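Protein chains in written order, with the deposited numbering: chain E, 61 to 452; chain F, 61 to 452; chain D, 63 to 452. For every residue, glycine included, the Cβ atom is placed at its ideal position computed from N, Cα and C. Encoded as structure tokens, the structure appears first; notes follow it.
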Amino acid sequence: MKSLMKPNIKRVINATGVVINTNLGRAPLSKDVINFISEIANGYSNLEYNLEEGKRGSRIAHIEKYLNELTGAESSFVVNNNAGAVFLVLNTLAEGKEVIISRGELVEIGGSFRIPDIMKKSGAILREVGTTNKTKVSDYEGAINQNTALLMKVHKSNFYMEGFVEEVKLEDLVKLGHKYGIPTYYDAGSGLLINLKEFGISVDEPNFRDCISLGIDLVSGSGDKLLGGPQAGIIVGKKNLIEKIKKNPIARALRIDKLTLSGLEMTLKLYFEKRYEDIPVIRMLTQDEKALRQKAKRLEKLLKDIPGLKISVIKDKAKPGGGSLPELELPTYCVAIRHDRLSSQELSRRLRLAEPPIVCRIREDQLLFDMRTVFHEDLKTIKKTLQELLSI
Amino acid sequence: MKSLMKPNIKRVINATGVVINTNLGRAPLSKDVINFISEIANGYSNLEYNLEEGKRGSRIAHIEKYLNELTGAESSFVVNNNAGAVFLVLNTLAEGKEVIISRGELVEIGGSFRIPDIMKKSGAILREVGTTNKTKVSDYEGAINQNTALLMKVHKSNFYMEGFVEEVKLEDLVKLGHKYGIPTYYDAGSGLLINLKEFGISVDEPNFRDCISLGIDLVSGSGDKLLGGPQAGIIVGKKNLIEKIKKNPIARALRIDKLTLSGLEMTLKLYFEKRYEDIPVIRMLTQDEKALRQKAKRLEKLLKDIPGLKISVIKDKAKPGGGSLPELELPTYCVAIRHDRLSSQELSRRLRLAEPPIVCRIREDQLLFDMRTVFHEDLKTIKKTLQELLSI
Amino acid sequence: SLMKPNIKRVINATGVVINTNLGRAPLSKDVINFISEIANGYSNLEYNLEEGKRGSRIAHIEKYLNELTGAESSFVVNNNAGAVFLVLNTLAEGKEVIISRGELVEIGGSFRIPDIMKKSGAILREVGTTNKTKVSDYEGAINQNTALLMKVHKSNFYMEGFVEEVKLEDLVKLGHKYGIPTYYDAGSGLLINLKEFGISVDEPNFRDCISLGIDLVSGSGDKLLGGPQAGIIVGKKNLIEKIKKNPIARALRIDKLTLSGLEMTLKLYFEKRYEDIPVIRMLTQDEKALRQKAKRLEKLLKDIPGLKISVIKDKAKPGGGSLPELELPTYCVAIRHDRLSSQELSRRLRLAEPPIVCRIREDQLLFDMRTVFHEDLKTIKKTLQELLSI
Ligand SMILES: [K+]
Ligand SMILES: [K+]
Numbered sequence: 061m062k063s064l065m066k067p068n069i070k071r072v073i074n075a076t077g078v079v080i081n082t083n084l085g086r087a088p089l090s091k092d093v094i095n096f097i098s099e100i101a102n103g104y105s106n107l108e109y110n111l112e113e114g115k116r117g118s119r120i121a122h123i124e125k126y127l128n129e130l131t132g133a134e135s136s137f138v139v140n141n142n143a144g145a146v147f148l149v150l151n152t153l154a155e156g157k158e159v160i161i162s163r164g165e166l167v168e169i170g171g172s173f174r175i176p177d178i179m180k181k182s183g184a185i186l187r188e189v190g191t192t193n194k195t196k197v198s199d200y201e202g203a204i205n206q207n208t209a210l211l212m213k214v215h216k217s218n219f220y221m222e223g224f225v226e227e228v229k230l231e232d233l234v235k236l237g238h239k240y241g242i243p244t245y246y247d248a249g250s251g252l253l254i255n256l257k258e259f260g261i262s263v264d265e266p267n268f269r270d271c272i273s274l275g276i277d278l279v280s281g282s283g284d285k286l287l288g289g290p291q292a293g294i295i296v297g298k299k300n301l302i303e304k305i306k307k308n309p310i311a312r313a314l315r316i317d318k319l320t321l322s323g324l325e326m327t328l329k330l331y332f333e334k335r336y337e338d339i340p341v342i343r344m345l346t347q348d349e350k351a352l353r354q355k356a357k358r359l360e361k362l363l364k365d366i367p368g369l370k371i372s373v374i375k376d377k378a379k380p381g382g383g384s385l386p387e388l389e390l391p392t393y394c395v396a397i398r399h400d401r402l403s404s405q406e407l408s409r410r411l412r413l414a415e416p417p418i419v420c421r422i423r424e425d426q427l428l429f430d431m432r433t434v435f436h437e438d439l440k441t442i443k444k445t446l447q448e449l450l451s452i
Numbered sequence: 061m062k063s064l065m066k067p068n069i070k071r072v073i074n075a076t077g078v079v080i081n082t083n084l085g086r087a088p089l090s091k092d093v094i095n096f097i098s099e100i101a102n103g104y105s106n107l108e109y110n111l112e113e114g115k116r117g118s119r120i121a122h123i124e125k126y127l128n129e130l131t132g133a134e135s136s137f138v139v140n141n142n143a144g145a146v147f148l149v150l151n152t153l154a155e156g157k158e159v160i161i162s163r164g165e166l167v168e169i170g171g172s173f174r175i176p177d178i179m180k181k182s183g184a185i186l187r188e189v190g191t192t193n194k195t196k197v198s199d200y201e202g203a204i205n206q207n208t209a210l211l212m213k214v215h216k217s218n219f220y221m222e223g224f225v226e227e228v229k230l231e232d233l234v235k236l237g238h239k240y241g242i243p244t245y246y247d248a249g250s251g252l253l254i255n256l257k258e259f260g261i262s263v264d265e266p267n268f269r270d271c272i273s274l275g276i277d278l279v280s281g282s283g284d285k286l287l288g289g290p291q292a293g294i295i296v297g298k299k300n301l302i303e304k305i306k307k308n309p310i311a312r313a314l315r316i317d318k319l320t321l322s323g324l325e326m327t328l329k330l331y332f333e334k335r336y337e338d339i340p341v342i343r344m345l346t347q348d349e350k351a352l353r354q355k356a357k358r359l360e361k362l363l364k365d366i367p368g369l370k371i372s373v374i375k376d377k378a379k380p381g382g383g384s385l386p387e388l389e390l391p392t393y394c395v396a397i398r399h400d401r402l403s404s405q406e407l408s409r410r411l412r413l414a415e416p417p418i419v420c421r422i423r424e425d426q427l428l429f430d431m432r433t434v435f436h437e438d439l440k441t442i443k444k445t446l447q448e449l450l451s452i
Numbered sequence: 063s064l065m066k067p068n069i070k071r072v073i074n075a076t077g078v079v080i081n082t083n084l085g086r087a088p089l090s091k092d093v094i095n096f097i098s099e100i101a102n103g104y105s106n107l108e109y110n111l112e113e114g115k116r117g118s119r120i121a122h123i124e125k126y127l128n129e130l131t132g133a134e135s136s137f138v139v140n141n142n143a144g145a146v147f148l149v150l151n152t153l154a155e156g157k158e159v160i161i162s163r164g165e166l167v168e169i170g171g172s173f174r175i176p177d178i179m180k181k182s183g184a185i186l187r188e189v190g191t192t193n194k195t196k197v198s199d200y201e202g203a204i205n206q207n208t209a210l211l212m213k214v215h216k217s218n219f220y221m222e223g224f225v226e227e228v229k230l231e232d233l234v235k236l237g238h239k240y241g242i243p244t245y246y247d248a249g250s251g252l253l254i255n256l257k258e259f260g261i262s263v264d265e266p267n268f269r270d271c272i273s274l275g276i277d278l279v280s281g282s283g284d285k286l287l288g289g290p291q292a293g294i295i296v297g298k299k300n301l302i303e304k305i306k307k308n309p310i311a312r313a314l315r316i317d318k319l320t321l322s323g324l325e326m327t328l329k330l331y332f333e334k335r336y337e338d339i340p341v342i343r344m345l346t347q348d349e350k351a352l353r354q355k356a357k358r359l360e361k362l363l364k365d366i367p368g369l370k371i372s373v374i375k376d377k378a379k380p381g382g383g384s385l386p387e388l389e390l391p392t393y394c395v396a397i398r399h400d401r402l403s404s405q406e407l408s409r410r411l412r413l414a415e416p417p418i419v420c421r422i423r424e425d426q427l428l429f430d431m432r433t434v435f436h437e438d439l440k441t442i443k444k445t446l447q448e449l450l451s452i
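Right, here's the structure in full:
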């Protein structure tokens with residue numbers, strides 16, 4: 061067409077202050093990682109080749125070692141996404157047999173992924189216990205039978221519940237699973253690699269290393285979330301299970317590509333090297349209450365001149381994680397702006413059609429810019445784009 | 061581990077002359093493409109955001125307008141890999157129902173992908189017809205029944221047969237398909253986008269545009285083969301079928317990643333722009349017989365001075381496509397070497413262990429460098445590595 | 063401990079108006095004297111003075127219900143639990159009932175939707191996800207056996223994040239299209255719109271939900287209705303009659319007390335005396351009226367030795383059983399003591415005569431004033447000094 065002249069996929073300025081943003085492409089990547097991906101993809105590589113033996117070799121093989129070490133699992137595996145990892149795990153272990161799960165955990169993440177729908181297409185039988193808000197242990201145990209193949213737990217990533225609510229301590233499931241000799245599978249989904257409380261964020265958000273040490277047979281999660289990697293189905297646990305999973309032919313359709321594989325490796329390397337500030341998602345969530353102010357007012361300083369603009373700086377409690385930490389509320393600083401000639405709604409609309417475009421949160425005709433998600437070289441382009449729409 | 065300090069994924073000089081090489085990571089990507097991927101991954105984007113509506117939209121969206129226009133198909137879709145495409149098509153259309161395909165088309169490509177084995181895990185019931193070598197139309201038709209959902213043909217990318225062999229022309233399948241009101245599915249696999257004869261290579265190799273205007277209902281293929289794109293399952297055909305496929309839960313687990321999607325988009329943009337020289341595979345396969353020599357002797361000029369080196373330049377016919385054009389042979393220029401002090405075999409193993417490493421063809425204790433697969437900036441790297449090993 | 067009653071009056075300093083543990087809605091003294099009068103001797107419980115013969119007890123109430131909800135008819139059983147059980151078992155025995163996966167709730171310890179729907183004899187057809195449920199989920203599960211389209215309201219909890227819910231509007235449409243009836247378990251027993259009282263919320267009520275075309279609606283008496291314990295059902299005549307006719311309805315029959323109390327509560331409603339029903343008063347109390355009451359307490363506690371007293375402004379949640387989402391501004395009277403830890407102070411406050419139940423944060427004992435009566439205060443002081451200074 062003539063709308064195919066210029067690419068439809070384009071870089072976007074996130075002013076929503078939502079670190080994990082489903083709509084905006086989730087975790088962005090460090091320039092360190094990306095030059096590595098670029099480097100790998102510019103020409104040929106050792107992808108499925110073992111240079112030592114001069115023959116073809118497993119492409120997953122290196123990535124695994126990282127995960128095995130960082131996380132502590134017996135073994136591991138990686139596929140296209142977590143969605144597939146779930147599907148793969150189910151289809152491999154639970155075909156035609158029962159899978160027990162809480163009525164509180166049967167979740168739709170995104171538009172196209174529904175636990176029960178994919179479990180059906182998985183060829184597994186869903187056995188749902190407890191209630192929406194509350195689920196005891198007696199619920200999981202009571203549903204065990206000759207045909208129970210799997211005890212599964214899903215972590216509610218994109219919503220939370222408050223009020224009267226009960227949940228089952230993972231410790232309990234694993235106890236149950238030993239008693240009846242049923243394996244425990246945990247879709248964590250955020251793919252948090254290590255404990256959050258290390259970095260100054262106080263939350264009960266589960267991770268690989270810790271859940272592994274709990275005794276959960278299998279755990280999966282996304283690469284592109286709290287792990288701040290490329291899109292990836294990350295699976296870790298007991299050797300005999302992973303081996304069974306790898307053996308499944310479906311795993312071939314779910315096989316990760318050169319780019320993600322490399323970008324992932326690099327991401328993992330950073331983790332071993334303990335370079336947390338070099339993965340953008342972690343950085344953005346661990347930023348200092350003052351740093352946000354410092355970056356907030358530097359924008360106001362660039363916005364005062366423009367005609368017709370009332371600018372304020374506010375301090376607010378907002379939720380920072382969209383896809384990963386729904387309960388989390390953190391203090392941050394937003395630059396609020398209002399215009400005489402135009403409503404905020406017509407202002408956000410124009411901000412979306414800009415080049416480059418800018419997406420911002422909105423509260424009662426107060427256009428807001430959360431600085432948690434804003435880069436330093438974004439400021440310059442924000443000003444330039446604000447003056448071009450109104451000073452045209 | 062000790063070797064975890066450094067990534068195992070490293071760029072590899074390809075001296076094999078094998079453009080599509082499974083072990084070397086299939087298609088390399090043009091710099092223009094990688095920059096766009098880079099650009100996109102650097103920060104937040106419109107991946108799952110529709111800027112015009114200011115709400116979530118699908119990622120697949122951006123690409124499809126391109127595929128449509130280029131292929132001539134009614135609509136299209138993209139998934140992780142062609143393996144997934146095949147799997148997704150079968151599960152979507154053929155679950156619990158019979159699929160007819162030739163006994164000569166039931167392929168294993170690579171180590172992990174087997175048509176019969178995937179199709180079984182597909183949930184689709186394999187109706188095999190005809191013989192390995194010979195398969196007539198009557199074979200196809202004869203096996204049609206109330207339970208026949210699908211008429212499938214797979215292209216034999218990785219092998220061929222000689223002697224007494226017969227096959228069904230596609231026109232015919234389409235005909236049979238109209239007759240019984242059953243849909244025709246063709247896995248090309250090589251995902252060649254357009255006609256090869258335009259580029260000076262005379263082969264009957266199938267492509268999307270052509271196979272669509274023959275009246276095939278669904279066609280799939282890999283992105284990183286003869287399309288020269290990133291790893292992707294590429295599916296094009298009738299709207300009603302695509303819709304059905306899209307709506308499959310499993311499609312979510314087959315969803316392509318941010319990187320490929322963007323890389324893909326750029327790949328297509330170049331195609332639309334008819335800028336073929338900028339797509340590394342095509343260039344490599346269209347290179348002038350003369351250009352080869354020009355690059356070949358340019359390396360020799362660099363190797364004369366190095367001690368103990370017997371350098372020659374030879375003309376040969378070797379097979380350039382690894383995973384796509386198995387019967388094809390093309391004229392090419394290898395720069396062959398031998399050393400008095402070292403055996404070529406000990407030379408090749410050292411070459412594999414270099415930084416960056418070098419994979420080459422061996423013939424009769426003579427080292428060959430096929431120039432078809434060799435970049436201009438590799439030469440300098442070659443020279444520097446040869447002298448560092450030999451003259452040290 | 064048979065030598066004195068195990069049940070006792072209790073001072074709620076929790077600031078939670080609907081409180082499961084503390085007895086839910088307290089009753090207006092107007093109401094309670096009416097209950098008293100009736101129960102003092104014989105009455106026209108099941109008797110028609112005009113015709114000189116037997117007549118039904120639920121009679122008295124239902125005129126009231128029908129008018130205030132606008133429904134064709136109504137019925138009242140022991141508690142909403144039974145109401146739900148009764149409706150399901152009457153309408154859906156052996157048949158399928160469609161319900162969102164988000165609405166299958168445990169309210170309290172002993173009441174679970176799926177469990178009771180099981181023992182109901184109804185067949186549970188669950189659709190959608192925990193977080194999200196669309197219309198197509200509901201529609202798609204409709205078949206020859208589908209007896210009932212059921213929505214349950216999440217009273218004792220809520221969800222935030224990515225959430226999707228089915229407009230009641232849409233359900234009633236669905237139910238007309240396939241000619242299935244729609245059953246809404248509100249649970250809170252909100253009778254009329256909240257935004258009339260200055261509370262801005264989408265909280266569903268009988269009147270509003272009846273006018274939407276829901277065939278049946280149930281709720282508890284002792285929640286946002288501020289009445290005694292009661293299963294309250296309103297809707298279509300055909301359906302109420304089927305229900306009243308269930309022989310189980312007779313096991314779920316309300317008593318003379320709750321009947322009496324309930325009728326008087328309703329009188330109040332028709333007479334538009336909202337301020338005379340504790341629960342509504344307590345949630346509609348003015349932000350300064352809480353200070354005014356908070357600092358009148360302080361003034362009583364200054365003299366007592368060893369007490370550090372302050373007065374704070376906070377955002378807490380007022381409804382325990384009914385409005386789980388609602389945070390409202392309120393004033394707490396906070397207190398510390400040098401000798402005793404807050405923890406040990408709390409435990410002593412609960413062993414008091416009369417006892418006192420209060421919130422706790424970080425070694426700062428709090429009294430929320432939202433749930434405390436004027437005559438409570440004198441008794442607070444009198445009991446604080448008797449513990450600390452004994
Ligand atoms: K991928
Ligand atoms: K009763």
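Asked: 8 Å contact criterion, which F/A75 and F/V434 should meet: CB distance rounded; Found: 7 Å
Asked: Residue-chain proximity (D/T76, chain E), Cβ-Cβ < 9 Å; Found: no
Asked: Among E/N106, E/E360, E/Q347, E/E201, the one whose alpha carbon lies nearest that of E/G260; Found: E/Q347
Asked: Short CB-CB distance (under 9 Å) between F/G183 and chain E; Found: yes
Asked: Own chain, CB closer than 7 Å to residue 55 of chain D, minus 5 neighbours either side, in chain order; Found: Examination of residue 55 of chain D is not possible in this model, given that chain D is present from 63 through 452 alone.
Asked: Segment limits, beta strand (DSSP E) that includes D/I418; Found: 418 to 423
Asked: Distance CB(D/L287)-CB(D/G251) smaller than 9 Å; Found: yes
Asked: F/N142 Cβ short of 8 Å to ligand 1 heavy atom set; Found: no
Asked: Within chain E, partners of F/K379 - CB distance below 9 Å; Found: Result: empty, since nearest Cβ-Cβ is about 17 Å, beyond 9 Å.
Asked: Closer than 8 Å: E/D317 CB and nearest ligand 1 heavy atom; Found: yes
Asked: Backbone CA spacing between F/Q405 and F/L411 [nearest angstrom]; Found: 10 Å
Asked: For F/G381, three-class secondary structure by DSSP; Found: coil
Asked: Meets three-Cβ-pair contact criterion under 8 Å: the segment 165 to 179 of chain F and the segment 113 to 129 of chain F; Found: no
Asked: Near ligand 2: D/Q291 beta-carbon under 8 Å from a heavy atom; Found: yes
Asked: The segment 139 to 150 of chain E in contact with the segment 232 to 249 of chain E per 3-pair CB rule at 8 Å; Found: yes
Asked: E/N95 versus F/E112, F/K70, F/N110, residue with shortest Cα-Cα distance; Found: F/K70
Asked: Delimiting residues of the beta strand (DSSP E) encompassing E/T392; Found: 390 to 399
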